[PDB]
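**Student:** sequence plus experimental coordinates follow:
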Amino acid sequence: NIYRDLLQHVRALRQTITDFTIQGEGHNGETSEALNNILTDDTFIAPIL
Amino acid sequence: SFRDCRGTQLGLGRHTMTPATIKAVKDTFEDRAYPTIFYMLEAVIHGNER
């Protein structure tokens, strides 16, 4: 339940990022979430890999 | 907000779910590790009484 709650909170944060952007506006192969936010930007990487 | 206020107006004295059932159903709808055995059994049984 604790692990599922942490994962659900992460997915709720992702849906909140998705909510506060406007879709359908993609310039030069970058989607709208990657052009608005950073945690949805594919150029930025995790601190550890 | 108007639709939710109208729904509050409709469900004034009607039957409401106790929070135990709300918590259990919300837990089972947000359970990503739901076993596929239930899906296969519901597919084969396919709503036949016998």
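**Tutor:** Now that the structure is in, tell me what you want to look at. Numbers count the residues shown, from 1 in each chain, chains lettered A, B, ... in the order given.

**Student:** only C-alpha atoms from now on, for both contacts and neighbour counts.
**Tutor:** Noted.

**Student:** number of residues surrounding residue A:33?
**Tutor:** Counted with other CA atoms under 10 Å in any protein chain shown, the neighbours of residue A:33 add up to 21.

**Student:** ugh, wrong one, residue A:37
**Tutor:** Neighbour number of residue A:37 under other CA under 10 Å is 13.

**Student:** for it, give me its contacts.
**Tutor:** Going by CA atoms under 8 Å, 6 or more residues apart in numbering or on different chains, residue A:37 touches residue A:17.

**Student:** could you measure it against residue B:4, distance?
**Tutor:** 31 Å (CA to CA, to the nearest Å).

**Student:** show me where chain B has strands.
**Tutor:** For chain B, no strands turn up when DSSP state E is the criterion.

**Student:** same question but for chain A, I mixed them up
**Tutor:** Using DSSP E, strands in chain A do not occur.

**Student:** center of it - which residue?
**Tutor:** residue A:40 (3.4 Å; CA atoms, centre = their mean).
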